[PDB]
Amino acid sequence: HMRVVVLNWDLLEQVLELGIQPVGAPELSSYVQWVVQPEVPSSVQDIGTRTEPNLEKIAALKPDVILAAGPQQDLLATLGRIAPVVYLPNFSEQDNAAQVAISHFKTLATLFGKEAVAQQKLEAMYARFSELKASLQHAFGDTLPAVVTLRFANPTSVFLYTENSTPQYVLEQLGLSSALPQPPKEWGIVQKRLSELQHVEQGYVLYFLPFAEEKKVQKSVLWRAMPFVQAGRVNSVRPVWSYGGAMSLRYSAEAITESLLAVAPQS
């Protein structure tokens, strides 16, 4: 067990799930609102933001390894001057986010000697996927409805999750199909006008919390006139980080299932 400084939320999730408490992590108070789980221990110090971390505080913590991701790639050489850096990037244009998250989860387990716990959590995850899938095809029957997932950029713009995203993986693993399929992008997202969601005659629309202007959207004319809105096939999803690690796939699956089991028809 070494002294680990983590520089991204996905990596922060990974080490925590492995039972590795980092001495340094970014934006912890914001982590509470956007990622929620796994819970960051109070012992962990905040070392700044993911894009602009406090190098002096990182050095003062005297880590043994520094874990960096895509957004930190321009600081890799400098971070290396402080401590050895393990660079595990994800959510690139050509990355399949969920598979890469799973692969990184394993490699980190190998590095920190937590392979057994990693296997146990992945096994439980794949089993959990099947349970949730069954819960859906019991409330929806077969076949399962088409689902589109997104976050709000603003009350008139939307981030649709694409083919290489982690919610897409969750949907496929849940037996769900895509209502509005999208080509692979960076971070697994493409930005759309809100009016584009009119093309979702088919089934359900799920949007991830938090969103500060949720109430404003719900009252807007463009939203109240949506096919999925008038049909009641729309719901909010409790905060699950759509740019996280291996276990974020499990959390997403449960939260999505939960929101989708609600607003489901009377069987």
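The numbering used is simple: start at 1 and walk along the sequence shown.
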Query raised in the report: Got a sec? Mean C-alpha B-factor, which is higher, 160 to 168 or 124 to 132?
Result: 124 to 132
Query raised in the report: Of 47 to 55 and 228 to 236, which one has the bigger average CA B-factor?
Result: 228 to 236
Report task. Among 89, 80, 184, 113, single out the one with the highest C-alpha B factor in the record, please. Result -> 113
Report summary line: Entry record, C-alpha B-factors for 176, 108, 85, 179; the maximum is at 179
Requested in this report: Would you check the entry's CA temperature factor for residue 6 and let me know if it's in the chain's lowest, middle or highest third?
Outcome: lowest
Report task. Going by the recorded CA B-factors, say which third of the chain residue 222 sits in, lowest, middle or highest. Result -> highest
Query raised in the report: Which third, lowest, middle or highest, does the CA B-factor of residue 149 fall in along this chain?
Result: middle
Report task. Grab the CA temperature factor for residue 203 from the record and place it in the lowest, middle or highest third of its chain. Result -> highest
Query raised in the report: Hey, what third does residue 248 fall into on Cα B-factor, ranked over its chain?
Result: lowest
